[PDB]
Amino acid sequence: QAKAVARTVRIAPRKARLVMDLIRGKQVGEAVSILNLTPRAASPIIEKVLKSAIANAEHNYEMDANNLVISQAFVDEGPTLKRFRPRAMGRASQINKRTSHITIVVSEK
Amino acid sequence: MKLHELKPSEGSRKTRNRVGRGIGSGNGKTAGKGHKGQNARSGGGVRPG
Amino acid sequence: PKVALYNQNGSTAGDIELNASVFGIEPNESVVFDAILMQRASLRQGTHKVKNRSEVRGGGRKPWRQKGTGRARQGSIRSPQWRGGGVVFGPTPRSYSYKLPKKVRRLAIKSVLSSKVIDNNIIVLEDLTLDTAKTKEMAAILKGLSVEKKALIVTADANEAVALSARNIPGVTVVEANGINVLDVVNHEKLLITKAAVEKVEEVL
Amino acid sequence: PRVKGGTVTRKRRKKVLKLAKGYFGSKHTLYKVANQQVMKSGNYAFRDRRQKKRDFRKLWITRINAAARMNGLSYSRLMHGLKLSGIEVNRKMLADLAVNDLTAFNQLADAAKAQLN
Amino acid sequence: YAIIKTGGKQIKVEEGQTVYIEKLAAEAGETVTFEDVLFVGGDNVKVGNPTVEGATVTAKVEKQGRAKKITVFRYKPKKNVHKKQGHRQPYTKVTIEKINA
RNA sequence: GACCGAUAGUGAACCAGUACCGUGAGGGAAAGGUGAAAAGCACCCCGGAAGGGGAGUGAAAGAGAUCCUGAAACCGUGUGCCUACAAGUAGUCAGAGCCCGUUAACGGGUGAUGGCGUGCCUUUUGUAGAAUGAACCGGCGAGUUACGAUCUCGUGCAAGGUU
RNA sequence: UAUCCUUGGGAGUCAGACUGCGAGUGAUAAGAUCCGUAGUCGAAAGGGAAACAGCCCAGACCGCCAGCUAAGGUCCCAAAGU
RNA sequence: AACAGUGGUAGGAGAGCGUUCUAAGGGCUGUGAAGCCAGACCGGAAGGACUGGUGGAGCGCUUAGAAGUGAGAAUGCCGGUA
């Protein structure tokens, strides 16, 4: 069992999830390929955290790169940056620049 | 007596009537003042005579 | 009204007759209750105030036009339901004291004293002389008398000398013959009374 | 003194919230509506606690009617015949238990038929 | 098996079984007997308002119970009318022995 | 101090009459809490960093700069039961099947299928109403106090009572 | 049969509707309006009249896997008589 | 024990439940209080216990007292999130 978290990386959680959900529960050495080939906003952030997760083996409790598979992973909402966008007739509409917490938990099998 | 068993002269004590709190004690929404009368409004009384 | 007499070192002499009109009276439960309640309420100083709507440093302007807006029709900013505050029917500086009839107060003090007498917790200590301000002298006196719990001591003339010794140890009070009340009596569960003060209070009542 | 809105409100609301488990979505989550349904639940519980009597009675009548009809006898004639054959304090529910022990039910139906004429 | 009128509603009982029934006056350890038996089953003795002589049905009773709570809540809409009343129905457990016919 | 304890209490516990708004008179906010002591994270690994995983400090690292507690709305991840010929103020009362085993008791979860059934509040003769109010959660938010009057009740005295 | 009267403390009510019966206005029209009389609703659930406040029967202190009935009904929906 | 009764709006009357502080008596608490989270427990109700988890210093019971004492609605105010 090994774990990693991104802790408020600037990306919308829905957009994160839409690309995140497909790698769930499939062998990491090929999931990384799937995700670095699929073009999406959050793909680079997600492979960075996944690579940190698998790389938690060197100055860490030992695992092997083969026979390694994502165990379970998900997306959590983080603190949001409020912003007021100007809009016609002095309405002053509001917008949410969301943030998200990414998290990977990889295990052996 | 001692203070730790103080008991008043029974019949010489009554709790206040907290009008306008819930329905279980009556006098709820209306606070026991009817519906929308002049008497039902704050300072809505009239000259006594 | 024939309670025994005690000396400084616990030696007991011939018992003393007490005025039945003051100490043999049947205590009045209700009158004692109201007498307790009386100064128990009057003691509080009751200083409290909270800023009513008028005096909240602000308000003034109508926050928005009466109609033609999607918000509730409102008044000034400092109003009760607003976050800005302004309480409604809050506390106010007021006194929690009144007065009772002379007969009632006399009956109350007589009743409590007689209650103590019948409960046999009164201890008459003639001539509570003391040569020094030191506390442990009077602590030894109380130990000799077997006075364990709270107590009250009244001695009229030795108040000047004995008050300093008594006041710290450990929650007992020294009062003068004129300072008797209902709480100061009841709360202390043990009355030390010097004979001069016996007849002085006897004359007063 | 000042009394602040302490734990009393939270306990009061959470009682109904926990009481209203199993409801569809927001009705098991939002006090504003969860309170409404439990009140409705109380009314329905009372009225259905009174309905179950008559519904079980109806079911018993249906079973007795079927059992009687399968022995050349209508339900109404069966009940009449029983009453005249004697005060059959025996009644609907246990008559159905006799039906599912049918031989006893027939052993009553024959007596009722015989005494009916 | 047999049919026993008991508390204003008859019940089917059989030798050795256990039954819940409305509160009797008996203590929580003593035996009790029912009297108004009908349709003694098996050999199926039966009469209208049956005087089944000596067929009082003995039973041992050990419990004094109080049913699970029914939160009777009543309200009438739009009228500020509420009534909530807890209720536990008392009862007694039984076990039947020596059916008499 | 039978006064408040961070929507309270001064507008202002905190660089507040500040930021901000207004040409100007003027209006006018939000924002308290690491730990006992910074002992506030040596060193290593992923990473450009941020952020992580280890290691170490400490009684607690889930205690890491809104940092004591951390409720609800809201958002997710696994899952036991159910669901693609059925329309349902969404429940309740019957109820098979499947799963679990309790503050031990005529137990808990889910429930194929049947009966019944038009939310809450105000205002109305009348509301399921196509009349009004609520997007949801949390907090706050309305018959008191003073001085007199009157009546009931309770007291001490009583042809007197009372300061 | 046991509700009546006197004094005293505290109210709300002043928008009422429908259905019989006797009248007005109306065109013996109106779920119209205004009266008298009785009922229900108002402020009353339950069963019936398909759904229904005022029509019929009938009053809910709670529990029961009891029984007898009122209006209405018994071929299936849907309990009871082809 | 007997007998009778126990729908209810505006209203009147009585019983109580809980909250914050204050006095008297008792004592609970780092051998883990308050608060929060979860339970299949108790009472006629408001409600109150018991057992776990969190949390890391304060707090119930008893009798009486005084109240800024109980929210679901006010196109309520503030904050947060759909």
# chains A, B, ... in the order shown; residues from 1 in each chain; ligands from 1

call {"tool": "interface_residues", "arguments": {"of": "chain C", "to": "chain H", "cutoff": "8 Å", "atoms": "only C-alpha atoms (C1' of nucleotides)", "output": "mmCIF file with N, CA, C and O atoms, in the first residue's frame"}}
result
data_model
loop_
_atom_site.group_PDB
_atom_site.id
_atom_site.type_symbol
_atom_site.label_atom_id
_atom_site.label_comp_id
_atom_site.auth_asym_id
_atom_site.auth_seq_id
_atom_site.Cartn_x
_atom_site.Cartn_y
_atom_site.Cartn_z
ATOM 1 N N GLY C 70 -35.686 43.065 -5.786
ATOM 2 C CA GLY C 70 -36.019 41.702 -5.426
ATOM 3 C C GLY C 70 -35.809 41.349 -3.970
ATOM 4 O O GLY C 70 -36.101 40.213 -3.584
ATOM 5 N N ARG C 71 -35.321 42.277 -3.156
ATOM 6 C CA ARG C 71 -35.030 42.027 -1.753
ATOM 7 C C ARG C 71 -36.205 42.437 -0.876
ATOM 8 O O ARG C 71 -37.131 43.128 -1.305
ATOM 9 N N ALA C 72 -36.153 41.995 0.377
ATOM 10 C CA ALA C 72 -37.196 42.336 1.330
ATOM 11 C C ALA C 72 -37.197 43.833 1.601
ATOM 12 O O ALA C 72 -36.149 44.479 1.656
ATOM 13 N N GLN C 81 -33.558 41.967 13.514
ATOM 14 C CA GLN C 81 -33.250 40.733 12.801
ATOM 15 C C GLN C 81 -31.934 40.803 12.037
ATOM 16 O O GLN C 81 -31.448 39.762 11.586
ATOM 17 N N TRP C 82 -31.345 41.984 11.884
ATOM 18 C CA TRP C 82 -30.103 42.104 11.135
ATOM 19 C C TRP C 82 -28.933 41.533 11.923
ATOM 20 O O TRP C 82 -28.966 41.440 13.152
ATOM 21 N N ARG C 83 -27.882 41.147 11.196
ATOM 22 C CA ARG C 83 -26.640 40.761 11.852
ATOM 23 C C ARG C 83 -26.016 41.921 12.605
ATOM 24 O O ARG C 83 -25.334 41.698 13.612
ATOM 25 N N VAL C 87 -30.524 44.828 20.145
ATOM 26 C CA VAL C 87 -31.333 43.807 20.791
ATOM 27 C C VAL C 87 -32.712 44.380 21.051
ATOM 28 O O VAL C 87 -32.923 45.592 20.936
ATOM 29 N N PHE C 89 -35.914 44.216 23.875
ATOM 30 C CA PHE C 89 -36.271 43.847 25.239
ATOM 31 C C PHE C 89 -35.128 43.134 25.945
ATOM 32 O O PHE C 89 -35.290 42.000 26.405
ATOM 33 N N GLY C 90 -33.975 43.782 26.034
ATOM 34 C CA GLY C 90 -32.846 43.219 26.728
ATOM 35 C C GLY C 90 -32.819 43.638 28.182
ATOM 36 O O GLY C 90 -33.730 44.314 28.669
ATOM 37 N N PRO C 91 -31.778 43.241 28.909
ATOM 38 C CA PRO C 91 -31.635 43.704 30.291
ATOM 39 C C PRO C 91 -31.463 45.212 30.355
ATOM 40 O O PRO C 91 -31.242 45.887 29.348
ATOM 41 N N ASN C 187 -26.662 30.352 56.917
ATOM 42 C CA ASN C 187 -25.599 29.829 56.071
ATOM 43 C C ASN C 187 -24.468 29.181 56.855
ATOM 44 O O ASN C 187 -23.734 28.367 56.283
#

call {"tool": "residues_around", "arguments": {"residues": "residue 71 of chain D", "least_positions_apart": "2", "cutoff": "9 Å", "atoms": "only C-alpha atoms (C1' of nucleotides)", "output": "list in words"}}
result
residues 66, 67, 68, 69, 73, 74, 106, 109 and 110 of chain D

call {"tool": "write_last_selection", "arguments": {"atoms": "C-alpha atoms", "output": "short mmCIF file (atom, residue, chain, number, x, y, z; two decimals), in the first residue's frame"}}
result
data_model
loop_
_atom_site.label_atom_id
_atom_site.label_comp_id
_atom_site.auth_asym_id
_atom_site.auth_seq_id
_atom_site.Cartn_x
_atom_site.Cartn_y
_atom_site.Cartn_z
CA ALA D 66 -63.43 -20.04 -1.29
CA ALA D 67 -63.43 -22.96 1.14
CA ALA D 68 -67.23 -22.94 1.37
CA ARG D 69 -67.76 -22.65 -2.39
CA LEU D 73 -72.18 -23.84 0.03
CA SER D 74 -72.08 -20.06 -0.22
CA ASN D 106 -65.33 -29.63 6.14
CA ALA D 109 -69.38 -27.23 7.02
CA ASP D 110 -71.19 -30.57 6.98
#

call {"tool": "interface_residues", "arguments": {"of": "chain H", "to": "chain B", "cutoff": "10 Å", "atoms": "only C-alpha atoms (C1' of nucleotides)", "output": "PDB file with N, CA and C atoms (P, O5', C5', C4', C3', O3' and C1' of nucleotides), in the first residue's frame"}}
result
ATOM      1  P     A H  10     -56.360  28.070  17.869  1.00  0.00           P
ATOM      2  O5'   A H  10     -57.407  29.262  17.762  1.00  0.00           O
ATOM      3  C5'   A H  10     -57.295  30.246  16.745  1.00  0.00           C
ATOM      4  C4'   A H  10     -58.183  31.424  17.038  1.00  0.00           C
ATOM      5  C3'   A H  10     -57.957  32.069  18.393  1.00  0.00           C
ATOM      6  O3'   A H  10     -56.919  33.030  18.352  1.00  0.00           O
ATOM      7  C1'   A H  10     -60.267  31.647  18.089  1.00  0.00           C
ATOM      8  P     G H  11     -56.067  33.352  19.669  1.00  0.00           P
ATOM      9  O5'   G H  11     -57.184  33.584  20.772  1.00  0.00           O
ATOM     10  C5'   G H  11     -57.024  33.078  22.083  1.00  0.00           C
ATOM     11  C4'   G H  11     -58.329  33.077  22.825  1.00  0.00           C
ATOM     12  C3'   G H  11     -58.256  32.565  24.250  1.00  0.00           C
ATOM     13  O3'   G H  11     -57.810  33.556  25.156  1.00  0.00           O
ATOM     14  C1'   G H  11     -60.003  31.469  23.139  1.00  0.00           C
ATOM     15  P     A H  23     -22.837  32.530  43.444  1.00  0.00           P
ATOM     16  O5'   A H  23     -23.760  32.564  44.733  1.00  0.00           O
ATOM     17  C5'   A H  23     -23.593  31.607  45.757  1.00  0.00           C
ATOM     18  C4'   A H  23     -24.869  31.393  46.522  1.00  0.00           C
ATOM     19  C3'   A H  23     -24.937  30.084  47.275  1.00  0.00           C
ATOM     20  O3'   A H  23     -24.264  30.186  48.511  1.00  0.00           O
ATOM     21  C1'   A H  23     -26.964  30.440  46.103  1.00  0.00           C
ATOM     22  P     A H  24     -22.993  29.267  48.832  1.00  0.00           P
ATOM     23  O5'   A H  24     -23.635  28.084  49.670  1.00  0.00           O
ATOM     24  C5'   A H  24     -24.549  28.378  50.712  1.00  0.00           C
ATOM     25  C4'   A H  24     -25.570  27.291  50.887  1.00  0.00           C
ATOM     26  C3'   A H  24     -25.044  25.875  50.856  1.00  0.00           C
ATOM     27  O3'   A H  24     -24.393  25.526  52.062  1.00  0.00           O
ATOM     28  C1'   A H  24     -27.142  26.030  49.736  1.00  0.00           C
ATOM     29  P     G H  25     -23.070  24.626  52.026  1.00  0.00           P
ATOM     30  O5'   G H  25     -23.627  23.183  51.664  1.00  0.00           O
ATOM     31  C5'   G H  25     -24.580  22.548  52.502  1.00  0.00           C
ATOM     32  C4'   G H  25     -24.959  21.190  51.976  1.00  0.00           C
ATOM     33  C3'   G H  25     -23.847  20.416  51.295  1.00  0.00           C
ATOM     34  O3'   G H  25     -22.990  19.773  52.216  1.00  0.00           O
ATOM     35  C1'   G H  25     -25.865  20.241  50.041  1.00  0.00           C
ATOM     36  P     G H  26     -21.503  19.371  51.768  1.00  0.00           P
ATOM     37  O5'   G H  26     -21.736  18.197  50.723  1.00  0.00           O
ATOM     38  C5'   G H  26     -22.305  16.971  51.147  1.00  0.00           C
ATOM     39  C4'   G H  26     -22.867  16.175  49.997  1.00  0.00           C
ATOM     40  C3'   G H  26     -21.864  15.691  48.974  1.00  0.00           C
ATOM     41  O3'   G H  26     -21.121  14.580  49.435  1.00  0.00           O
ATOM     42  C1'   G H  26     -23.820  16.480  47.888  1.00  0.00           C
ATOM     43  P     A H  45     -43.388   9.609  25.898  1.00  0.00           P
ATOM     44  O5'   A H  45     -43.311  10.674  24.708  1.00  0.00           O
ATOM     45  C5'   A H  45     -44.467  11.245  24.099  1.00  0.00           C
ATOM     46  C4'   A H  45     -44.447  12.755  24.141  1.00  0.00           C
ATOM     47  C3'   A H  45     -43.108  13.404  24.471  1.00  0.00           C
ATOM     48  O3'   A H  45     -42.303  13.544  23.315  1.00  0.00           O
ATOM     49  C1'   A H  45     -44.821  14.376  25.797  1.00  0.00           C
ATOM     50  P     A H  46     -40.724  13.795  23.433  1.00  0.00           P
ATOM     51  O5'   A H  46     -40.611  15.334  23.818  1.00  0.00           O
ATOM     52  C5'   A H  46     -41.091  16.348  22.948  1.00  0.00           C
ATOM     53  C4'   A H  46     -41.284  17.643  23.690  1.00  0.00           C
ATOM     54  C3'   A H  46     -40.027  18.201  24.336  1.00  0.00           C
ATOM     55  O3'   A H  46     -39.267  18.988  23.439  1.00  0.00           O
ATOM     56  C1'   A H  46     -41.776  18.149  25.927  1.00  0.00           C
ATOM     57  P     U H  62     -31.960  16.615  39.443  1.00  0.00           P
ATOM     58  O5'   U H  62     -31.922  16.974  40.992  1.00  0.00           O
ATOM     59  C5'   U H  62     -32.104  15.963  41.971  1.00  0.00           C
ATOM     60  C4'   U H  62     -31.952  16.505  43.368  1.00  0.00           C
ATOM     61  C3'   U H  62     -32.695  17.793  43.671  1.00  0.00           C
ATOM     62  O3'   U H  62     -34.069  17.578  43.940  1.00  0.00           O
ATOM     63  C1'   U H  62     -30.489  17.904  44.536  1.00  0.00           C
ATOM     64  P     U H  63     -35.199  18.411  43.158  1.00  0.00           P
ATOM     65  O5'   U H  63     -35.370  19.727  44.034  1.00  0.00           O
ATOM     66  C5'   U H  63     -35.850  19.642  45.366  1.00  0.00           C
ATOM     67  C4'   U H  63     -35.605  20.918  46.127  1.00  0.00           C
ATOM     68  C3'   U H  63     -36.030  22.202  45.439  1.00  0.00           C
ATOM     69  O3'   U H  63     -37.419  22.456  45.511  1.00  0.00           O
ATOM     70  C1'   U H  63     -33.870  22.479  46.325  1.00  0.00           C
ATOM     71  P     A H  64     -38.131  23.312  44.353  1.00  0.00           P
ATOM     72  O5'   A H  64     -37.519  24.772  44.524  1.00  0.00           O
ATOM     73  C5'   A H  64     -37.954  25.606  45.585  1.00  0.00           C
ATOM     74  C4'   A H  64     -37.023  26.771  45.823  1.00  0.00           C
ATOM     75  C3'   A H  64     -37.000  27.851  44.760  1.00  0.00           C
ATOM     76  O3'   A H  64     -38.118  28.712  44.793  1.00  0.00           O
ATOM     77  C1'   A H  64     -34.797  27.343  45.369  1.00  0.00           C
ATOM     78  P     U H  69     -34.738  35.608  25.508  1.00  0.00           P
ATOM     79  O5'   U H  69     -34.450  34.470  26.580  1.00  0.00           O
ATOM     80  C5'   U H  69     -33.380  33.559  26.392  1.00  0.00           C
ATOM     81  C4'   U H  69     -33.866  32.135  26.327  1.00  0.00           C
ATOM     82  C3'   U H  69     -35.225  31.925  25.681  1.00  0.00           C
ATOM     83  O3'   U H  69     -35.130  31.899  24.269  1.00  0.00           O
ATOM     84  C1'   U H  69     -35.080  30.676  27.698  1.00  0.00           C
ATOM     85  P     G H  70     -36.443  31.783  23.358  1.00  0.00           P
ATOM     86  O5'   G H  70     -36.366  30.304  22.774  1.00  0.00           O
ATOM     87  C5'   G H  70     -35.137  29.762  22.300  1.00  0.00           C
ATOM     88  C4'   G H  70     -35.245  28.274  22.085  1.00  0.00           C
ATOM     89  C3'   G H  70     -36.324  27.854  21.097  1.00  0.00           C
ATOM     90  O3'   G H  70     -35.948  26.641  20.450  1.00  0.00           O
ATOM     91  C1'   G H  70     -36.841  26.989  23.226  1.00  0.00           C
ATOM     92  P     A H  71     -35.098  26.679  19.089  1.00  0.00           P
ATOM     93  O5'   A H  71     -36.131  27.204  17.998  1.00  0.00           O
ATOM     94  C5'   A H  71     -37.239  26.403  17.602  1.00  0.00           C
ATOM     95  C4'   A H  71     -37.772  26.807  16.250  1.00  0.00           C
ATOM     96  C3'   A H  71     -36.751  26.791  15.112  1.00  0.00           C
ATOM     97  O3'   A H  71     -37.386  26.386  13.899  1.00  0.00           O
ATOM     98  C1'   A H  71     -37.672  28.941  15.303  1.00  0.00           C
TER      99        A H  71
END

call {"tool": "residues_around", "arguments": {"residues": "segment 102-106 of chain A", "least_positions_apart": "3", "cutoff": "9 Å", "atoms": "only C-alpha atoms (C1' of nucleotides)", "output": "PyMOL selection string"}}
result
chain A and resi 1-9+13+16+28+45-46+49-50+53-54+68-77

call {"tool": "write_last_selection", "arguments": {"atoms": "C-alpha atoms", "output": "CSV table (one decimal), in the first residue's frame"}}
result
chain,number,residue,atom,x,y,z
A,1,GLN,CA,0.0,0.0,0.0
A,2,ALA,CA,1.3,3.4,-1.0
A,3,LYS,CA,-0.4,6.8,-1.2
A,4,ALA,CA,0.0,10.3,-2.7
A,5,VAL,CA,-2.1,13.5,-2.6
A,6,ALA,CA,-1.9,16.7,-4.6
A,7,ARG,CA,-3.5,19.0,-1.9
A,8,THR,CA,-5.2,21.8,-3.8
A,9,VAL,CA,-3.8,21.7,-7.3
A,13,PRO,CA,-12.8,18.8,-9.6
A,16,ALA,CA,-10.4,16.2,-12.9
A,28,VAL,CA,-0.3,1.3,-13.5
A,45,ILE,CA,-1.2,16.7,-13.1
A,46,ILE,CA,-2.7,13.2,-12.7
A,49,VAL,CA,0.9,12.4,-8.9
A,50,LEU,CA,0.7,8.8,-10.1
A,53,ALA,CA,2.9,7.4,-6.0
A,54,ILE,CA,4.8,4.6,-7.8
A,68,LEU,CA,1.8,-3.2,-9.4
A,69,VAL,CA,-1.8,-1.8,-9.8
A,70,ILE,CA,-3.8,1.2,-8.7
A,71,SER,CA,-5.9,0.0,-5.7
A,72,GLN,CA,-8.3,2.9,-5.4
A,73,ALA,CA,-8.2,6.6,-6.2
A,74,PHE,CA,-10.6,9.5,-6.2
A,75,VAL,CA,-11.0,13.3,-6.3
A,76,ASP,CA,-11.9,15.7,-3.4
A,77,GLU,CA,-12.9,19.4,-3.6

call {"tool": "residues_around", "arguments": {"residues": "residue 10 of chain B", "least_positions_apart": "4", "cutoff": "10 Å", "atoms": "only C-alpha atoms (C1' of nucleotides)", "output": "PDB file with C-alpha atoms (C1' of nucleotides), in the first residue's frame"}}
result
ATOM      1  CA  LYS B  14     -46.687  30.995  39.651  1.00  0.00           C
TER       2      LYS B  14
ATOM      3  CA  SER C  30     -42.765  30.651  55.067  1.00  0.00           C
TER       4      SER C  30
ATOM      5  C1'   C F 153     -53.439  33.633  45.405  1.00  0.00           C
ATOM      6  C1'   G F 154     -49.600  33.580  50.015  1.00  0.00           C
TER       7        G F 154
END

call {"tool": "interface_residues", "arguments": {"of": "chain D", "to": "chain H", "cutoff": "10 Å", "atoms": "only C-alpha atoms (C1' of nucleotides)", "output": "PyMOL selection string"}}
result
chain D and resi 1-9+12+31-33+35

call {"tool": "write_last_selection", "arguments": {"atoms": "C-alpha atoms", "output": "PDB file, in the first residue's frame"}}
result
ATOM      1  CA  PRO D   1     -27.978  36.489  31.556  1.00  0.00           C
ATOM      2  CA  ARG D   2     -27.841  35.541  27.865  1.00  0.00           C
ATOM      3  CA  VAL D   3     -28.949  32.098  26.683  1.00  0.00           C
ATOM      4  CA  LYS D   4     -27.181  30.949  23.523  1.00  0.00           C
ATOM      5  CA  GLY D   5     -28.565  28.474  21.009  1.00  0.00           C
ATOM      6  CA  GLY D   6     -26.680  25.450  22.297  1.00  0.00           C
ATOM      7  CA  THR D   7     -26.989  21.722  21.754  1.00  0.00           C
ATOM      8  CA  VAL D   8     -30.782  21.706  22.224  1.00  0.00           C
ATOM      9  CA  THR D   9     -31.575  22.569  18.604  1.00  0.00           C
ATOM     10  CA  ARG D  12     -34.008  18.195  18.480  1.00  0.00           C
ATOM     11  CA  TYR D  31     -34.921  18.748   8.161  1.00  0.00           C
ATOM     12  CA  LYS D  32     -37.260  21.195   6.415  1.00  0.00           C
ATOM     13  CA  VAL D  33     -38.919  18.308   4.558  1.00  0.00           C
ATOM     14  CA  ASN D  35     -39.964  16.779   9.476  1.00  0.00           C
TER      15      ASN D  35
END

call {"tool": "select_by_dssp", "arguments": {"residues": "chain D", "states": "helix (DSSP H, G or I)", "output": "VMD selection string"}}
result
chain D and resid 7 to 19 25 to 28 31 to 69 75 to 85 92 to 100 102 to 116

call {"tool": "interface_residues", "arguments": {"of": "chain B", "to": "chain E", "cutoff": "9 Å", "atoms": "only C-alpha atoms", "output": "list in words"}}
result
residues 23, 24, 28 and 29 of chain B

call {"tool": "write_last_selection", "arguments": {"atoms": "N, CA and C atoms", "output": "JSON list (two decimals), in the first residue's frame"}}
result
[["chain", "number", "residue", "atom", "x", "y", "z"],
["B", 23, "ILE", "N", -47.01, 25.89, 19.82],
["B", 23, "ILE", "CA", -48.44, 25.65, 19.84],
["B", 23, "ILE", "C", -48.89, 24.83, 21.05],
["B", 24, "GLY", "N", -48.00, 24.03, 21.64],
["B", 24, "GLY", "CA", -48.42, 23.11, 22.68],
["B", 24, "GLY", "C", -49.04, 23.79, 23.88],
["B", 28, "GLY", "N", -50.11, 30.55, 20.34],
["B", 28, "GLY", "CA", -48.96, 30.33, 19.48],
["B", 28, "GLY", "C", -48.77, 31.41, 18.45],
["B", 29, "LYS", "N", -49.17, 31.12, 17.20],
["B", 29, "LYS", "CA", -49.05, 32.09, 16.12],
["B", 29, "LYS", "C", -49.68, 33.42, 16.50]]

call {"tool": "select_by_dssp", "arguments": {"residues": "chain E", "states": "strand (DSSP E)", "output": "PyMOL selection string"}}
result
chain E and resi 2-4+11-13+18-22+31-34+37-38+57-60+65-66+72-76+81-85+90-96

call {"tool": "write_last_selection", "arguments": {"atoms": "C-alpha atoms", "output": "tab-separated table (two decimals), in the first residue's frame"}}
result
chain	number	residue	atom	x	y	z
E	2	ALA	CA	-57.30	-26.26	20.44
E	3	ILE	CA	-59.01	-22.86	20.26
E	4	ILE	CA	-58.99	-20.66	23.37
E	11	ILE	CA	-56.41	-18.08	19.37
E	12	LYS	CA	-55.29	-21.45	18.04
E	13	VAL	CA	-52.86	-23.20	20.40
E	18	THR	CA	-45.59	-20.53	23.19
E	19	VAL	CA	-48.00	-17.64	22.69
E	20	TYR	CA	-48.14	-13.92	23.44
E	21	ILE	CA	-51.44	-12.77	24.93
E	22	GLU	CA	-52.98	-9.71	26.57
E	31	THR	CA	-49.37	-21.83	36.14
E	32	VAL	CA	-52.67	-20.66	34.67
E	33	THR	CA	-55.64	-22.33	33.02
E	34	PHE	CA	-58.07	-21.25	30.31
E	37	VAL	CA	-62.15	-23.92	25.06
E	38	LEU	CA	-63.72	-24.91	21.76
E	57	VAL	CA	-56.39	-25.94	29.16
E	58	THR	CA	-53.48	-25.58	31.58
E	59	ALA	CA	-50.47	-23.42	30.83
E	60	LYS	CA	-47.30	-22.08	32.42
E	65	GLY	CA	-44.05	-7.75	29.22
E	66	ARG	CA	-44.60	-4.37	27.64
E	72	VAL	CA	-48.89	7.67	18.04
E	73	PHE	CA	-48.58	11.02	16.27
E	74	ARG	CA	-51.69	12.84	15.05
E	75	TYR	CA	-51.95	16.19	13.30
E	76	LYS	CA	-54.54	18.06	11.27
E	81	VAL	CA	-53.18	20.77	15.88
E	82	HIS	CA	-50.62	18.25	17.14
E	83	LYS	CA	-50.84	15.24	19.44
E	84	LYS	CA	-47.96	12.86	20.13
E	85	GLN	CA	-48.50	10.00	22.58
E	90	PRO	CA	-48.70	-4.85	28.09
E	91	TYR	CA	-48.69	-8.59	27.54
E	92	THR	CA	-47.69	-11.93	29.03
E	93	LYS	CA	-45.85	-14.92	27.57
E	94	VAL	CA	-47.32	-18.40	27.84
E	95	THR	CA	-46.40	-21.99	27.10
E	96	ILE	CA	-49.09	-24.66	26.88

call {"tool": "residues_around", "arguments": {"residues": "segment 45-47 of chain G", "least_positions_apart": "3", "cutoff": "12 Å", "atoms": "only C-alpha atoms (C1' of nucleotides)", "output": "list in words"}}
result
residues 43, 46, 47, 50, 51 and 54 of chain D; 74, 75, 76 and 77 of chain E; 56, 57, 58, 59, 60, 70, 71 and 72 of chain G; 7 and 8 of chain H

call {"tool": "residues_around", "arguments": {"residues": "segment 18-35 of chain F", "least_positions_apart": "5", "cutoff": "10 Å", "atoms": "only C-alpha atoms (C1' of nucleotides)", "output": "PDB file with C-alpha atoms (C1' of nucleotides), in the first residue's frame"}}
result
ATOM      1  CA  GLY C  58     -25.584  53.930  12.843  1.00  0.00           C
ATOM      2  CA  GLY C  59     -28.873  53.130  11.181  1.00  0.00           C
ATOM      3  CA  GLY C  60     -30.244  56.222   9.504  1.00  0.00           C
ATOM      4  CA  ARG C  61     -30.666  55.777   5.777  1.00  0.00           C
TER       5      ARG C  61
ATOM      6  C1'   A F   6     -15.790  36.640  18.711  1.00  0.00           C
ATOM      7  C1'   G F  11     -18.627  50.221  14.470  1.00  0.00           C
ATOM      8  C1'   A F  12     -13.645  48.558  16.026  1.00  0.00           C
ATOM      9  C1'   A F  13     -10.478  42.011  21.147  1.00  0.00           C
ATOM     10  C1'   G F  40       7.921  24.912  13.288  1.00  0.00           C
ATOM     11  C1'   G F  58       6.479  16.382  20.482  1.00  0.00           C
ATOM     12  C1'   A F  63      -0.895  19.442  15.436  1.00  0.00           C
ATOM     13  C1'   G F  64       2.328  21.578   9.928  1.00  0.00           C
ATOM     14  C1'   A F  65       0.853  28.170   9.448  1.00  0.00           C
ATOM     15  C1'   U F  66      -7.753  29.444   9.480  1.00  0.00           C
ATOM     16  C1'   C F  67      -2.896  25.745  13.100  1.00  0.00           C
ATOM     17  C1'   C F  68      -7.725  23.570  19.516  1.00  0.00           C
TER      18        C F  68
END

call {"tool": "closest_residue", "arguments": {"among": "H:79, H:12, H:58, H:44", "to": "chain E", "atoms": "only C-alpha atoms (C1' of nucleotides)"}}
result
H:44

call {"tool": "interface_residues", "arguments": {"of": "chain F", "to": "chain E", "cutoff": "12 Å", "atoms": "only C-alpha atoms (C1' of nucleotides)", "output": "ChimeraX atom specification"}}
result
/F:105-107,119-124,127-128
